[PDB]
> 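Structure incoming, see below.
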Amino acid sequence: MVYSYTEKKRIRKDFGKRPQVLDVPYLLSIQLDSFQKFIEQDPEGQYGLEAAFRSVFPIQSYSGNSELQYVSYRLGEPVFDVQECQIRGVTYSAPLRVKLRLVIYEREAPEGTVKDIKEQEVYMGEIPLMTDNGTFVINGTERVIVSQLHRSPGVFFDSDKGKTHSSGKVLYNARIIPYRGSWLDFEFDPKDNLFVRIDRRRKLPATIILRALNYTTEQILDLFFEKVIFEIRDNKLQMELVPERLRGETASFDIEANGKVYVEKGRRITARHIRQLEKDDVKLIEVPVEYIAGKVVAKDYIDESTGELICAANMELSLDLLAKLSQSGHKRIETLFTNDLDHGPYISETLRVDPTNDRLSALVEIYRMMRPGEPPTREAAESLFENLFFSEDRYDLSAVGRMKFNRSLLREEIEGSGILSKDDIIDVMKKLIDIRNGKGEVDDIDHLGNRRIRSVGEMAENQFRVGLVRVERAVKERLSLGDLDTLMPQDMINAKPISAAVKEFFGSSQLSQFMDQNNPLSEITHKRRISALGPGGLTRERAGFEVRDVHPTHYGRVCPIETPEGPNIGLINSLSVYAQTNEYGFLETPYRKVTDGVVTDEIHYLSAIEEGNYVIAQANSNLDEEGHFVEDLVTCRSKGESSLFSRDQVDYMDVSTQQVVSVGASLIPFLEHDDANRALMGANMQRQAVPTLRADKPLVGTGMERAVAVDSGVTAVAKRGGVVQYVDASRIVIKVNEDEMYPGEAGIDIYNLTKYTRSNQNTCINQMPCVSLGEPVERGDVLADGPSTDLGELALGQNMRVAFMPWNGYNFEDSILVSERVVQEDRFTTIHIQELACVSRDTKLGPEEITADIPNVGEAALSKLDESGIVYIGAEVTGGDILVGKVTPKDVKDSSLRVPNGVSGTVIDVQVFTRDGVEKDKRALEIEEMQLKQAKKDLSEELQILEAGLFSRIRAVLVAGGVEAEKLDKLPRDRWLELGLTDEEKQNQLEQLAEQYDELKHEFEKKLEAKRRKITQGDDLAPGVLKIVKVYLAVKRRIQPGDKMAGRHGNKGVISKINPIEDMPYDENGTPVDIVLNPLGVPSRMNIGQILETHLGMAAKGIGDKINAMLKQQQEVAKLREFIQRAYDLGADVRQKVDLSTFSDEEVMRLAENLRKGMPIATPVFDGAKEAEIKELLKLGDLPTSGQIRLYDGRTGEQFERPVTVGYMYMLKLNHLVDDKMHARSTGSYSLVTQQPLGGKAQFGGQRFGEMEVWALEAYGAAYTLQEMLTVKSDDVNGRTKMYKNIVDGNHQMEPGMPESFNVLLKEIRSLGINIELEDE
Amino acid sequence: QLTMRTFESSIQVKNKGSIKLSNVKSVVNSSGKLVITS
Amino acid sequence: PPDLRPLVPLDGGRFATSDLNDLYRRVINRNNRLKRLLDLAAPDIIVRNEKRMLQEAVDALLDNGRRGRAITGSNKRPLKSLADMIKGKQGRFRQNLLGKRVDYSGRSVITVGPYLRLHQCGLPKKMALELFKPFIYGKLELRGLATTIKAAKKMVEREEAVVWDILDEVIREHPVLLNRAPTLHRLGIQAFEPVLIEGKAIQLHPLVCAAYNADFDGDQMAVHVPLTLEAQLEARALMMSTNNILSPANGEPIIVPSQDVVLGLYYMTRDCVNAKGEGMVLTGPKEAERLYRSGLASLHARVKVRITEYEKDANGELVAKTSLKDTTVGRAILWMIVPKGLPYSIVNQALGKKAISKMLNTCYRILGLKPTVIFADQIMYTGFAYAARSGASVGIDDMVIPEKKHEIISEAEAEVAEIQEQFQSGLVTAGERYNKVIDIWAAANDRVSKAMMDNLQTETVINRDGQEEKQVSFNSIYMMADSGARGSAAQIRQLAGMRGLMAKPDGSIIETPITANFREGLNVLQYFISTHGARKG
Amino acid sequence: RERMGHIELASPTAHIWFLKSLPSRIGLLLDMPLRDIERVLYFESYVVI
DNA sequence: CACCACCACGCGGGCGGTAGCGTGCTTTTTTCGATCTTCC
DNA sequence: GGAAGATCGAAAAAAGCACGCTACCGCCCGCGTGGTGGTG
RNA sequence: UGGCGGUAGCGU
Ligand SMILES: [Mg+2]
């Protein structure tokens, strides 16, 4: 396979052994696909805006005279680009235009005749658009709408395992959760009676709903019970003998038939007698009369002679009642078949408990439960019952909801209605009864097949539907005002509800979270995040224990380790590498179909529900390259459990070893050698690393760095292939190839790299080119490196020479000893950018302005400020310095923006936003003119290319016609067009070319004018503010003691000392190590992947060192080729094959100079290098195989008694800096109510002496100290002043006084009707 | 340091010493073995 | 009063919410409407409705949402009533009376100070300067370098040279209270003597970390400055770290070596059989130290040295006894920090964690408190120094895996196959066969752990002068496990032997255990199974 | 911070704390069930004096 | 210069609607209608 | 020999749910009427 | 010159 241009620069050695069959898909596909489904036009109304419009429209007025219908919708082009939206602070959105038809019928003839049809296009708000990176730009800020893991709509049966009734009995219940509507629950009480609840309200007997459904008692008994006919023969009241009714009963009556005594009295029934009656096919059996008394009649029995009912339905029979029925002449009597364990009489008991006896009574009772206090009316009760579940406007069982409902009820139909029905409720209650009887099982609530995933598109569609129904109600009200003949559809609707709902969803939702821009890994993890804490879901406090557990169905869909450590553990998960979503919202994972033993290559995506049936093999299974498993007993999983299976019983094959883990977990080398907890911590802290000023590739990696870097939009990727026409530190111009040419286009791609722009975490975002002039490029090749990216590979940390040994207790528990060379080389130095805004508003007295001079200040203060009152760009500033000079009239008072205390840096960017109508200052004119110059430069380069082509064509025409090339080459270019040739078709084509040139110039100047007008169009602001000035300050943070640093295996720590270079341990060659780590951490925190990585790193560095030596001696290319080929060929059954014989003898030198700093190693997350491969690589580098060398003390110089582990490890600088945590206060501002010191670091505030600290002081003899904490330092203002004065004069004495908080509490209590006072006596 | 998640027909003598009985009333059976009626 | 319900300005032309003001306004509106209705001689229905609405408004002001639906403000949430500002965690009692924010306090991350004494803690210079500002002002005015206190601040914030001297003078004997965020017990806050350091991190003595339950991986501590004579006296006499030696919960000592001191003392107090300088006779511990520093004798050499030990008699003084003892060079060197009253039997052993704790307990019981503090500091210093000198390291070859473990695993597979075949025959039910499988897997894991431990503990077979000899191994993992510095039998067994049975979240035990070590490569199934227990914990 | 105010109510209103905080002080004092108490207070039934 | 557009504004309160909204915790106290009991 | 006393099971209501710290955003009436200023 | 709510993270 031929490597890409960016890959040939630095090929990473891969130690993977199992060939891959499915490439890693696009990481951000889950968001983009959902948004496309939301916004793309759909001929069928199933998803998105089209589906919402079809659900709402058409709109019918109150009277059948006029109507409004929807035809089509079109999303307009956004007014501002994504970068323009980010800079200006506006929301990236597109206008929504909808085609509406207003139809006015005939007043005289309402049968369907129409009078007027009016078509119009109306705007109904702006829909925010998702960028190419799956993010939203809301109010100029990047936001991510995470997916929500909620409960799928449908019917779910569960129970409590003895949680209630104190007896251990299970109370089964069933819930019908719709997508939009009311919740219906059927529960079993301790007394074995079925009850029904609506919206978790007061329960009612479960037969009330049946009665309200126009069902009589006889119909209910027929539906929910088996019927036995007690036909009255000449005597003995024989029945029909069904042997299945005699299973496991007490045979208190003599069972005889056909002269044979099958069973005698007092004999229990076992399988033998059941076999006997089954083989005898007995149908008529003599029955004692008393056996009738224990049964329950089924249907009402009336007397024909007297016209009166002998017996009603569903009550216990009696001797007198049966005698009266027999003497009445009813030779046929019906009864229920009820068993104590098989067919319980729950329905009959519920009916007996049920007080209602008619449909009207049941409806009235339902209305009374639903709306207490209101007068129950027949019409009101009927309307409420109809609208509860049988109306599309109130109840909506979604397509996935209907599918789950039918699957739970074992139905072959999937395309059902969105509303409930009598059959659905009857089947649900029958299933619950069967489950109670014993036939059936409860559903797993935490099962991933019972949980749905909602993405941004679904929630946006739901919010748009809410806004649409609000607008529909408004337009329904408006449409019935008459005089429709003179009104367009434009004024019928109002865009306020839709726009308000959209803004609330996209800006004020629990799932529209601030984008985490620490590094590309942070953004990737945030975008592929599933949170169960959204609206209509779980809560952080009442989550419980079971839901947070790792279900077996999480295999291949949810990362078992990537989860937050804290209150929301298990509630927030990360999508797996290969996991994707069904059309119904259920997660599915890929597998390889295994047919007749051999493993095929076709990929089937299996869901959680359907994966239980098949037996799925394992990725870590050895294959003989023929598709057959080398071992007969393969470890597989059948139904949520692991077991050994035969090689012919396997059904599916794992597609990869990274399928289980997510991207953050798969980025950790040697993960299988680390504890699960340590892997979790490493994955969590891998995305907290700030980017350094120099990206350093990981010496040991997993091969997923390229995918993470490319998929994240932090790097510039060539859209079309070609050659680098013009490379620069800020822009790249690529001349595209003729194959990818577009008609009527010059064919140049311009990439404007973002340089030093602050992120959401106040970090630095910078792009650096990695191409040169004339270098060919292809589609998908990287052109610039984003933050924490090196040559298209993710680079979160730096390679560090570490040594595992105790060093005088400076790495006691988890601390890190750092050499001074680390600070000298600025390896971990980072750049942080902070934005400060100065706001010039409109006041009642007058408008404040930004001006150069400031009252009552010296001249040196305004030295940094220009004549416009804004600090100079590039001017170094410190705490308290004036940034933007602003004054407010009272003559004026100081309101100028100042640098916060303890904040320094350099001003690198100033942005001025001016409201329309307000004059623009000199700085704003300068900024707009730089932007105009940049746009003009781009359009001008385009013009030069196009006009060069046109003039080449003109010269060719001239040389073909007049062959005056010698004269043409000595003339100004315009004269070529001005000159006229002889009168033929040549003159006509010359005139046509001149006209084309003129029209092209006109089009380009029109484009320039449009760009200039867009640049200075003028952005609006909040009501009351007329100007905004934002200043960006960039500062450099260097590594220092107290800063948090960690590896990829959860080995976090804090820098304890910056040791001098001469004091650090050194080897025989005299090279000191960079990091000293405590070995004591390894045995407890079981993360061996550290040491292995370290060893591997050493080997990698050794190889690089050798290459560097081969480069320092100016050796011939043949030796370098041979050595690099030998290094790449090292391994045992490695899938990667590198052939250096096809490198043209020049790319070899570039590869060698790239590898001279260390050959990168790719270690797959579960198919990595073994110890033998690492030892062989170390032997190739002429390093000890044990990985331990002999070190010497820097101070004393004596050799250490034992060899120590010295290698190279990837270190990460987490975003926990000591200068952001250190804080101290002696006396500052206080709260204006409680008179207590403020809280936080941004505002000068003191630490909180909480209740627990007070308890600790009380446990001591600390009495004066406690009084000092409570009164003289926090509340007592007079005490505070007296203590300050006494310390100033040198007296350490206190006056406790009276805390103000107690006075405030006393006043608050006295504000009620309660008197409280401090009595003196 | 605690936990929250919710997860004989004969008497064996291991040491050497006398045996004492407390709040016991018993009776000698047919075989002479003592059976306690407490 | 209005000041308790202020209408703060928003610096944009508008004001705050002030739900109390809104409720008062509603009550006033209802009262005024009712008064106007009464003055108009209203019919019964209208006055009844107005009175009911006024009563509801009064109830909402007194206790919003107590009876009916709570009044919703501009934020789509219930307004804060009078009762809401008294009760609850956010109420006045638990937020401004039982606990409150205090001046003269700061917060910063912690860092190990190995050079610090037991009563000392390292404080950043900037933090100390900010905290002790009034004291610096007072000292500057007393010594007369400034005329006004404004000049005092003007010398302070500019950081003149004399300001550091003043700050050093004012913190010479001024204790500071260090407290961790979870103050679970009494020892969560302790008094220390400040030592000015360069940086932004507070330096903490290692020996007090166990009292604080603090580790150096991002933890933060808060420092408070007592500013009265009484408070300084109780900080020095009650809250000082030297005073707290025994846990009030059970009386057990709280200051024990944990990680590196134990390892250093264990390495120093160990013996080989053929170390350099073995068998010589030394005049005392000083000669042993000189020989070790000169490289002539190894730290583990078994020699005979003359030592003098002091014993306490009935009258209370110390009587000396000089004798020749067979010991090691390291033990003789360590004897120089032991106080006089203690005997020599404490150091003439391997000196593990329990041995060090027992030696400290004996020193406390016999000598007192101050000698115990000095001994603890010297023990920590020596342990750190000799742990650094030892150069102990963890490597991939340290976790040796025995092949007998593989043979035992294969035999366990054979036994489980036999059990499965018996189950297929129908002679054993599912429950009993599962129990037998669990039992045999537990037995196999125990055998693997036993074989691995036997290999690890006595792997070192070294040659004496004439022939071979099997002694205690010097494997770094084994030394760490045996000395008690870090790790236990279970963790080392997981590292080198099989991980054993694992339990699925419902509580049951899976039939197939994790037969792969952490050194070896766990497959996807084993990692997925272990994630269940990890997530549960 | 210390000066308080007062409002003269046109009609008396029951204190919610002494009425709704179980056990009801007014109901216990009057020996009357709470339902009658807050159905009389909120103008739904008459009570004889 | 009576008609439209801008800002006070006033009382109003749950809002928007030709109605509901609510839906994954545990423990303690009240209470209230229904049921069995027992003696005046 | 049927209504107070005692029980009692279910329904409702109230109370609670660790500490310390860091960073960000979103919001802090209303609405829709009428008095009054501008105006074709 | 403050409060409320939501989100994410750190140390336990
Ligand atoms: Mg910690």
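Both backbone and side-chain heavy atoms feed into the values below; hydrogens, waters and symmetry mates do not. Protein chains get the first letters and strands the later ones, always in sequence-line order, with residue 1 at the start of each.
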> Which whole number of Å gives the distance between the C1' atom of E:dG22 and that of F:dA12?
16 Å
> Considering every strand shown, what is the Watson-Crick or G-U wobble mate of E:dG16 when both distances are under 3.5 Å?
none
> Between G:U12, G:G9, G:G2, which nucleotide gets closest to the side-chain atoms of A:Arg687?
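Within the option list, the nearest is G:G9.
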> At under 4.0 Å between heavy atoms, what does C:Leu23 touch on the DNA or RNA strands: base, sugar-phosphate, or nothing?
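Nothing, no nucleic acid heavy atom in range.
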> Can you tell me how far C1' of E:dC21 sits from CZ of C:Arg69, to the nearest Å?
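Taking CZ of C:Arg69 and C1' of E:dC21, I get 8 Å after rounding.
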> When the nearest nucleotide of DNA chain F is assigned to A:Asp189 and to C:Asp22 on a heavy-atom basis, which residue is associated with the more 5' position?
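On the 5' side of the pair lies A:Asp189.
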> For A:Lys1052, is there an ion pair with A:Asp814 - N to carboxylate O distance below 4.0 angstrom?
no
> Once you apply a heavy-atom cut-off of 4.0 Å, does A:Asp446 come out as touching a base, just sugar-phosphate, or nothing?
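Answer is base: heavy atoms of A:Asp446 come under 4.0 Å of a base.
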> Is there a side-chain contact between A:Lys1052 and the phosphate of G:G11, meaning an N or O under 4.0 Å from OP1 or OP2?
yes
> Output yes when at least one side-chain N/O atom of A:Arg473 is less than 4.0 Å from OP1 or OP2 of E:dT18, else no.
yes
> Would you give me the side-chain donor-acceptor pairs under 3.5 Å for residues 3-16 of chain C, sequence neighbours excluded?
residue, atom, partner, partner atom, Å
C:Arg5, NH1, C:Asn21, OD1, 2.8

> Checking contacts here: which listed nucleotide (G:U1, E:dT26, E:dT23) is nearest the side-chain heavy atoms of A:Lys163?
E:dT26
> Starting from the 5' end of RNA chain G, give me the residue, A:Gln510 or C:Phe15, whose nearest nucleotide shows up first.
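Its nearest nucleotide being more 5', the pick is C:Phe15.
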> Between P on G:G11 and CG on C:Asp215, what's the gap in Å once rounded to a whole number?
9 Å
> Hunt down any stem DNA chain F takes part in, defined as 3 or more consecutive Watson-Crick or G-U pairs whose two distances are each under 3.5 Å.
E:1-12 with F:29-40, E:25-40 with F:1-16, F:18-28 with G:2-12
> Is the terminal nitrogen or CZ of A:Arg1225 (NZ for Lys, CZ for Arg) located under 6.0 angstrom from the six-membered ring centre of A:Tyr1230 and within 45° of that ring's axis?
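Checked: cation-pi criterion met.
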> Is it the case that atom CD in A:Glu477 sees more than 12 heavy atoms from other parts of the structure closer than 6.0 Å?
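No, CD of A:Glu477 has 12 or fewer neighbouring heavy atoms, counting only those of other groups under 6.0 Å.
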> Using a cut-off of strictly less than 4.0 Å, decide whether A:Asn568 has a side-chain nitrogen or oxygen near OP1 or OP2 of G:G9.
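Yes.
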> Below 4.5 Å, heavy atoms only, C-beta onward: do A:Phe389 and A:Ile198 meet side chain to side chain?
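Contact flag for A:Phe389/A:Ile198 side chains = yes.
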> Which part of the nucleic acid, if any, lies within contact of C:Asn29, taking any heavy atom under 4.0 Å across all strands shown: a base, the sugar-phosphate backbone alone, or nothing?
base
> Touch check for C:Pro6, heavy atoms < 4.0 angstrom, all strands: base, sugar-phosphate only, or nothing?
nothing
> What integer number of Å spans the P atoms of F:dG26 and E:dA19?
37 Å
> Please give, in whole Å, the distance from E:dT23 P to A:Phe156 CZ?
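Going from A:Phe156 (CZ) to E:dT23 (P), I get 17 Å.
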> For atom P, what is the distance between F:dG20 and E:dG24, given to the nearest Å?
32 Å
> So what does A:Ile572 hit on the nucleic acid, given a heavy-atom distance under 4.0 Å: a base, only sugar-phosphate, or nothing?
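Result for A:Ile572 = sugar-phosphate.
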> Atom CZ of A:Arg451 to atom P of E:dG24: distance rounded to whole Å?
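A:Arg451 atom CZ is separated from E:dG24 atom P by 15 Å.
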> Which value, in whole Å, describes the distance between the P atoms of nucleotides E:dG17 and E:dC21?
13 Å
> Identify whether any heavy atom of C:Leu10 sits under 4.0 Å from a base atom; if not, whether one sits that close to sugar-phosphate; answer base, sugar-phosphate or nothing.
base
> Would one find a side-chain N or O of A:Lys1044 under 4.0 angstrom from OP1 or OP2 of G:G11?
yes
> For the CD atom on A:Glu546, are there more than 12 heavy atoms of other groups (residues, nucleotides or ligands in this structure) within a distance under 6.0 Å?
no
> What do you reckon, is CD of A:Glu504 surrounded by more than 12 foreign heavy atoms closer than 6.0 Å?
no
> Who passes ring-ring contact (aromatic ring centres under 6.0 Å, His included) against A:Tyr367, sequence neighbours left out?
none
> Counting side-chain heavy atoms from C-beta on, which of E:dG24, G:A8, E:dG13 comes nearest to A:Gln513?
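From the listed options, G:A8 comes nearest.
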> Judged by atom type as modelled, is there a donor-acceptor pair below 3.5 Å linking the side chain of A:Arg548 to the main-chain atoms of A:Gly544?
yes
> Of all the choices, G:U12, F:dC28, G:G5, which nucleotide is nearest to the side chain of C:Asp217 once you look at every atom?
G:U12
> Mind checking the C1' distance from F:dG30 to G:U1? Whole angstroms is fine.
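Here F:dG30 and G:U1 have their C1' atoms 27 Å from each other.
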> Using a heavy-atom cut-off of under 4.0 Å over every strand shown, decide if C:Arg26 touches base, sugar-phosphate, or nothing.
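C:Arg26: base contact, heavy atoms under 4.0 Å.
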> Could you check whether A:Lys203 gets within reach of a base, just the sugar-phosphate, or nothing at all, counting any heavy atom under 4.0 Å?
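Contact class for A:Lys203: sugar-phosphate only.
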> How long is the line joining CE of A:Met369 and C1' of F:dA12, in whole Å?
16 Å
> Within the structure shown, what part of the strands sits under 4.0 Å from A:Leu511 by heavy-atom distance: base, sugar-phosphate, or nothing?
nothing
> For residues 1239-1250 of chain A, pull every pair meeting side-chain hydrogen bond (donor to acceptor under 3.5 Å, both in side chains), keeping only residues two or more places apart or in separate chains.
A:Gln1247-C:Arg107
> Donor-acceptor check, side chain of A:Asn450 to backbone of A:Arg151, threshold 3.5 angstrom: yes or no?
no
> Where the side chain of A:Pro190 is defined as all heavy atoms beyond and including C-beta, which of G:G9, E:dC21, F:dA10 is the nearest nucleotide?
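For A:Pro190, the side-chain atoms sit closest to F:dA10.
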> Scan residues 210-219 of chain C for pairs that pass salt bridge (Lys or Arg N to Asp or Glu O under 4.0 Å), counting only residues two or more places apart or in two chains.
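Qualifying pairs, neighbours excluded: C:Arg180-C:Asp219.
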> Would you mind reading off the distance between A:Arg202 atom CZ and E:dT31 atom P, rounded to a whole angstrom?
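So the CZ-P distance, A:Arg202 to E:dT31, works out to 20 Å.
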> Regarding C:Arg25, tell me which of base, sugar-phosphate or nothing describes its non-hydrogen contacts under 4.0 Å with the strands shown.
base
> Establish, with yes or no, whether the OP1 or OP2 oxygen of E:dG22 is under 4.0 angstrom from a side-chain nitrogen or oxygen of A:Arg200.
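So the side chain of A:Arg200 is outside the cut-off, no N or O lying under 4.0 Å from OP1 or OP2 of E:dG22.
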> Using modelled atom types only, decide if a donor and an acceptor are shared between the side chain of A:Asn387 and the backbone of A:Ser391 within a distance under 3.5 Å.
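No: the side chain of A:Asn387 does not pair with the backbone of A:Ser391.
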> Any idea if E:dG22 is syn or anti, going by the 90°-from-0 cut?
syn
> When the P atoms of E:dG16 and F:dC28 are considered, how many whole Å apart are they?
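Comparing P positions in E:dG16 and F:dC28 gives a spacing of 15 Å.
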> Look at all strands and tell whether A:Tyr1230 reaches a base, only sugar-phosphate, or nothing, counting heavy atoms closer than 4.0 Å.
sugar-phosphate
> Pick the closest RNA chain G nucleotide for C:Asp219 and for A:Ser509 by heavy atoms, then say which residue is nearer the 5' end.
A:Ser509
> May I ask you to say what C:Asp19 touches in the nucleic acid, namely base, sugar-phosphate or nothing, with a heavy-atom cut-off under 4.0 Å?
nothing
> Please report, rounded to the nearest Å, how far the P atom of F:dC28 is from the CG atom of C:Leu79.
14 Å
> Give a yes/no answer on whether the side chain of A:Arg371 brings an N or O atom under 4.0 Å of OP1 or OP2 in E:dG20.
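Answer yes for this pair, as a side-chain N or O of A:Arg371 is under 4.0 Å from OP1 or OP2.
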> Can you build the contact string for nucleotides 13-27 of chain F? Use B for base contact, S for sugar-phosphate-only contact, and - for no protein heavy atom under 4.0 Å.
-SSBBSSSSS--SS-
> For a quick check of understanding: with a heavy-atom distance under 4.0 Å over all strands, which category does C:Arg36 fall into, base, sugar-phosphate or nothing?
nothing
> I'd like to know if A:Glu562 pairs up with A:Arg687 as an ion pair, taking the criterion as any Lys NZ or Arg NE/NH1/NH2 lying under 4.0 Å from an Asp or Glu carboxylate oxygen.
yes
> Quick one: A:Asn193 CG to F:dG9 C1', roughly how many Å, whole number?
14 Å
> Taking only side-chain nitrogens and oxygens of A:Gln688, does any of them come within less than 4.0 Å of OP1 or OP2 of G:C10?
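A:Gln688 to G:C10 OP1/OP2: side-chain N or O found under 4.0 Å.
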